[PDB]
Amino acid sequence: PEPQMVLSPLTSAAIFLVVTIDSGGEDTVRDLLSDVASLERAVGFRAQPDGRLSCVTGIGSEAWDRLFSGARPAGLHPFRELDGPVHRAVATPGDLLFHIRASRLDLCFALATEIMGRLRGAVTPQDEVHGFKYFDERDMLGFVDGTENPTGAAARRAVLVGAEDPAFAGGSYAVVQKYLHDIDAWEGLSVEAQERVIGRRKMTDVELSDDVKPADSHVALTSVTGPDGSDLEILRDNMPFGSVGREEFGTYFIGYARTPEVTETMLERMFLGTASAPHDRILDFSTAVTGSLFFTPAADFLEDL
């Protein structure tokens, strides 16, 4: 039961590729899916010391039914649009996700080239984002981003499908959203105001004390306890991206979890709000422009095709 590299850490470079499968493209796609790990090694081995090239392949709900007969992952469905009073989490088309990471962009680009070379005329590109590390693990808002990710055993338990769906053990669910930020508005706030939005100190990344942390802060809304009283956790691999000329300053959100229910709860709290908070204050400076849900199978699953 060998998972894809869904537990691997953040890297300095990433390419996110989202495509839809054109009518009659199913066969070409199936062939690629079985060769994806082989292509990864072909490119990756060239940089074997410190390259850290990996590709995580995700398949959407509608795409799954077109590609495979038999059982479906229990949690796999189209991304649920959230129409909140103020902010909207839109659902956009996407059949296949390629989450490509390395310590260098060239490796990502080479692999992406090989994948798309095989898929040409079978797929239509929906989104392509080239992500880059920004200083000391910062996002476009200038905050350290990824701090509270689970590690080790906790990561395994939060991310990997287990006995609750045994046919797809070793798989995971990925939710992607591309966000664009209003930097003008954001930079109008004082640092202290920004800290109140996020829920952590800007420079030092220290969490605000519970008596000072607003209920509508990002950290407060995305902290979720389950029925057991245990924290519900996701693994985030967000990357900054952008284009200065077009005033694009972005966060590419990607979160892995063993069930989409966890990610969706966090989304709901952010967009719809709670009793104590109208919505996540971060959304006042952030617009989601894409939204897709994918199941990322175990590596074995892709190979045996």
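The first residue of the sequence shown is number 1, and the count goes up from there.
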Problem - 188-196 set against 129-137, stretch whose average Cα temperature factor tops the other in the entry - result: 188-196
Exercise for the section: Can you let me know which of the two, 198-206 or 72-80, has the higher average C-alpha B-factor in the entry? Expected result: 72-80
Problem - From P150, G142, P93, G226, residue of greatest CA B-factor - result: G226
Fill in the blank from the handout: For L180, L235, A110, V212, the deposited C-alpha B-factor is largest at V212
Completion exercise
By the entry's values, the third containing the CA B factor of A275 is the highest
Handout entry: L97 - which third its CA temperature factor falls in, relative to the rest of the chain
Key = lowest
Practice task
Divide the modelled residues of the chain into thirds by Cα B-factor and specify which third, lowest, middle or highest, holds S12.
Solution key: lowest
Handout entry: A63 - Cα temperature factor, lowest/middle/highest third of chain
Key = highest
Completion exercise
Temperature factor at the Cα of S243, chain-ranked in thirds, falls in the middle
